[PDB]
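Shown below: run19.txt, with compact mmCIF, C-alpha atoms (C1' of nucleotides) and all ligand atoms.
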```
# COMPACT_ATOMS: atom_id res chain seq x y z
CA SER A 741 103.55 -18.23 90.99
CA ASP A 742 99.85 -17.43 91.50
CA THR A 743 98.88 -21.07 90.88
CA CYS A 744 96.10 -22.88 92.75
CA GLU A 745 97.55 -25.25 95.35
CA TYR A 746 94.53 -27.57 94.97
CA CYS A 747 93.81 -27.89 91.23
CA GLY A 748 96.86 -26.30 89.57
CA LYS A 749 94.85 -23.62 87.73
CA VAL A 750 97.12 -20.69 86.83
CA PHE A 751 96.15 -17.07 87.45
CA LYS A 752 97.56 -13.68 86.50
CA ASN A 753 97.43 -12.19 90.01
CA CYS A 754 97.10 -13.10 93.68
CA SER A 755 93.57 -11.82 94.26
CA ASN A 756 91.83 -13.92 91.60
CA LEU A 757 93.64 -16.97 93.02
CA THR A 758 92.50 -16.01 96.52
CA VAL A 759 88.87 -15.87 95.39
CA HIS A 760 89.20 -19.13 93.41
CA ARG A 761 90.72 -21.06 96.32
CA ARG A 762 87.64 -20.44 98.46
CA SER A 763 85.82 -22.91 96.21
CA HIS A 764 88.17 -25.58 97.61
CA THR A 765 88.21 -24.33 101.19
CA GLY A 766 84.48 -23.54 101.44
CA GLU A 767 85.33 -20.18 103.00
CA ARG A 768 82.64 -17.53 102.40
CA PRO A 769 83.55 -14.29 104.21
CA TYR A 770 80.82 -12.10 102.64
CA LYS A 771 77.51 -12.66 104.43
CA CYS A 772 74.25 -10.93 103.53
CA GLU A 773 72.64 -8.94 106.33
CA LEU A 774 69.12 -9.56 105.00
CA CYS A 775 69.25 -13.37 104.60
CA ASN A 776 71.46 -16.44 105.13
CA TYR A 777 73.31 -15.98 101.81
CA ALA A 778 77.11 -15.95 101.98
CA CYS A 779 79.74 -15.87 99.23
CA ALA A 780 83.46 -15.80 98.43
CA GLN A 781 83.55 -12.67 96.26
CA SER A 782 82.46 -9.20 97.39
CA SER A 783 80.80 -8.19 94.12
CA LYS A 784 78.74 -11.39 94.39
CA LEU A 785 77.22 -10.09 97.64
CA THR A 786 76.55 -6.76 95.92
CA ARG A 787 74.76 -8.57 93.08
CA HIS A 788 72.76 -10.71 95.52
CA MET A 789 71.60 -7.57 97.35
CA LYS A 790 69.61 -6.60 94.24
CA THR A 791 67.20 -9.41 95.15
CA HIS A 792 66.33 -7.63 98.41
CA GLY A 793 65.79 -4.26 96.73
CA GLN A 794 66.73 -2.55 93.49
CA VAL A 795 66.02 0.60 91.50
CA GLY A 796 63.03 0.01 89.24
CA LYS A 797 61.39 -2.66 91.41
CA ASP A 798 59.12 -2.49 94.44
CA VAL A 799 59.79 -4.15 97.81
CA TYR A 800 57.66 -7.12 98.87
CA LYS A 801 58.24 -8.03 102.52
CA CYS A 802 57.62 -11.51 103.89
CA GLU A 803 54.68 -11.16 106.25
CA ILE A 804 56.21 -13.75 108.60
CA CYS A 805 59.94 -12.99 108.80
CA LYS A 806 59.88 -9.43 107.29
CA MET A 807 62.58 -10.24 104.72
CA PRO A 808 62.49 -7.82 101.74
CA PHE A 809 62.34 -8.96 98.12
CA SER A 810 62.52 -6.96 94.90
CA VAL A 811 60.84 -9.76 92.87
CA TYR A 812 57.50 -11.12 94.01
CA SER A 813 57.95 -14.64 92.60
CA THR A 814 61.16 -14.86 94.63
CA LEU A 815 59.16 -13.99 97.75
CA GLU A 816 56.77 -16.79 96.78
CA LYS A 817 59.63 -19.27 96.51
CA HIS A 818 60.80 -18.01 99.91
CA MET A 819 57.34 -18.64 101.39
CA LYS A 820 57.38 -22.19 100.06
CA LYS A 821 60.94 -22.86 101.25
CA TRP A 822 60.91 -21.28 104.72
CA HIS A 823 57.26 -21.01 105.83
CA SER A 824 55.72 -24.17 104.39
CA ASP A 825 54.36 -25.28 107.81
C1' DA B 1 49.49 -37.95 82.51
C1' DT B 2 53.92 -37.76 81.88
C1' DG B 3 58.36 -36.15 80.70
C1' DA B 4 61.17 -33.00 77.64
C1' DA B 5 62.09 -28.46 76.53
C1' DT B 6 62.24 -23.85 77.61
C1' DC B 7 61.37 -19.88 80.05
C1' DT B 8 62.71 -16.59 84.51
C1' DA B 9 65.40 -15.29 88.42
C1' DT B 10 69.41 -16.12 90.53
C1' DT B 11 73.95 -17.83 91.49
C1' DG B 12 78.95 -19.85 90.58
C1' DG B 13 83.16 -19.43 88.01
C1' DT B 14 86.00 -16.61 85.32
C1' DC B 15 88.57 -12.66 83.80
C1' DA B 16 90.33 -8.29 83.64
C1' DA B 17 89.91 -3.10 84.24
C1' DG B 18 89.16 0.72 87.84
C1' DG B 19 90.70 2.71 92.36
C1' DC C 1 96.57 -5.32 96.21
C1' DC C 2 91.30 -4.94 96.76
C1' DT C 3 87.18 -3.75 94.36
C1' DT C 4 84.21 -3.89 90.70
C1' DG C 5 81.32 -5.70 87.24
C1' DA C 6 80.55 -8.05 82.44
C1' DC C 7 80.00 -12.38 80.65
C1' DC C 8 78.58 -17.21 80.23
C1' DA C 9 77.12 -21.70 82.31
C1' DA C 10 74.51 -23.86 85.81
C1' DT C 11 70.68 -24.28 89.01
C1' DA C 12 65.87 -24.43 90.82
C1' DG C 13 61.15 -23.65 90.00
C1' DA C 14 57.43 -22.58 86.62
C1' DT C 15 55.42 -23.16 82.43
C1' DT C 16 54.76 -24.68 77.78
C1' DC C 17 54.95 -28.30 74.41
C1' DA C 18 54.66 -33.01 72.56
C1' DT C 19 52.73 -37.38 72.67
MG MG A 901 93.63 -14.21 86.26
MG MG A 902 85.08 -2.49 85.28
ZN ZN A 903 91.89 -24.69 92.27
ZN ZN A 904 100.50 -12.93 92.77
ZN ZN A 905 70.33 -11.76 101.28
ZN ZN A 906 59.92 -15.11 105.50
```

Mind turning the file's structure into structure tokens?
Ligand SMILES: [Mg+2]
Ligand SMILES: [Mg+2]
Ligand SMILES: [Zn+2]
Ligand SMILES: [Zn+2]
Ligand SMILES: [Zn+2]
Ligand SMILES: [Zn+2]
Amino acid sequence: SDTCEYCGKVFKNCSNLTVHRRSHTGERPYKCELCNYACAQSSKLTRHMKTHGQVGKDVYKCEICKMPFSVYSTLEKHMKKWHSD
DNA sequence: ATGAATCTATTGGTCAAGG
DNA sequence: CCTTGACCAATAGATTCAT
């Protein structure tokens, strides 16, 4: 069958349906080790990891919580979000 | 001064090929 | 099957643009 039990969307295989269904169940088994990010698809965690460090970018660490960032403006957004005081 | 438009960086949903 | 990753829309914040 490979059809979503929640919205009826049809798929060509079981695994794409499994990933899709997590958007109805809220399940997010893939959790980043370097921040609170969590996701339903393993390659999504891989892509998110680029924001903590990537070839061709430096690493800017948060002076307060030590979290690493490959993009400095993202570290600035992190400062505003988590360490606003 | 204010809001619309438009950038960046990043993420969510989708789809399909590699292992 | 699980893994992988390209692609396109959406999102949040920053900035520019128009008036
Ligand atoms: Mg499919
Ligand atoms: Mg591929
Ligand atoms: Zn569904
Ligand atoms: Zn199936
Ligand atoms: Zn993370
Ligand atoms: Zn921090």

### Message
Please identify all protein, DNA and RNA residues within 7 Å of ligand MG 901 (chain A), counting all atoms listed in the file, and report them as a ChimeraX atom specification.
### Response
/A:751-753,756 /B:15

Write out the residues from the selection above, keeping C-alpha atoms (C1' of nucleotides), as a short mmCIF file (atom, residue, chain, number, x, y, z; two decimals), in the frame of the given file.
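Saved as again_12.cif:
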```
data_model
loop_
_atom_site.label_atom_id
_atom_site.label_comp_id
_atom_site.auth_asym_id
_atom_site.auth_seq_id
_atom_site.Cartn_x
_atom_site.Cartn_y
_atom_site.Cartn_z
CA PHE A 751 96.15 -17.07 87.45
CA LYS A 752 97.56 -13.68 86.50
CA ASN A 753 97.43 -12.19 90.01
CA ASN A 756 91.83 -13.92 91.60
"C1'" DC B 15 88.57 -12.66 83.80
#
```

Taking all atoms listed in the file into account, what are the residues of chain B at most 12 Å from chain A, put as a PDB file with C-alpha atoms (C1' of nucleotides), in the frame of the given file?
```pdb
ATOM      1  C1'  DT B   8      62.710 -16.590  84.510  1.00  0.00           C
ATOM      2  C1'  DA B   9      65.400 -15.290  88.420  1.00  0.00           C
ATOM      3  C1'  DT B  10      69.410 -16.120  90.530  1.00  0.00           C
ATOM      4  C1'  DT B  11      73.950 -17.830  91.490  1.00  0.00           C
ATOM      5  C1'  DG B  12      78.950 -19.850  90.580  1.00  0.00           C
ATOM      6  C1'  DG B  13      83.160 -19.430  88.010  1.00  0.00           C
ATOM      7  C1'  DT B  14      86.000 -16.610  85.320  1.00  0.00           C
ATOM      8  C1'  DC B  15      88.570 -12.660  83.800  1.00  0.00           C
ATOM      9  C1'  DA B  16      90.330  -8.290  83.640  1.00  0.00           C
TER      10       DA B  16
END
```

### Message
Residues of chain C were defined as contacting chain A if any atom lay at most 9 Å from it, counting only C-alpha atoms (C1' of nucleotides); please report them as a list in words.
### Response
residues 1, 2, 3, 4, 5 and 13 of chain C

### Task
Kindly work out which residues sit at most 10 Å from ligand ZN 906 (chain A), using all atoms listed in the file, and give the list as a list in words.
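Based on all atoms listed in the file, ligand ZN 906 (chain A) is surrounded within 10 Å by residues 775, 801, 802, 803, 804, 805, 806, 807, 808, 809, 815, 816, 817, 818, 819, 820, 821, 822 and 823 of chain A.
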
### Message
Calculated over only C-alpha atoms, which of the candidates A:749, A:824, A:743, A:789 has the smallest distance to residue 774 in chain A?
### Response
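Ranking A:749, A:824, A:743, A:789 by distance to residue 774 in chain A, first place goes to A:789.
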
### Task
Residues within 6 Å of ligand ZN 903 (chain A) should be enumerated using only C-alpha atoms (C1' of nucleotides) and all ligand atoms and returned as a PyMOL selection string.
chain A and resi 744+746-749+761

### Task
May I ask for the distance between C1' of residue 6 in chain B and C1' of residue 9 in chain C, given in Å to one decimal place?
15.8 Å
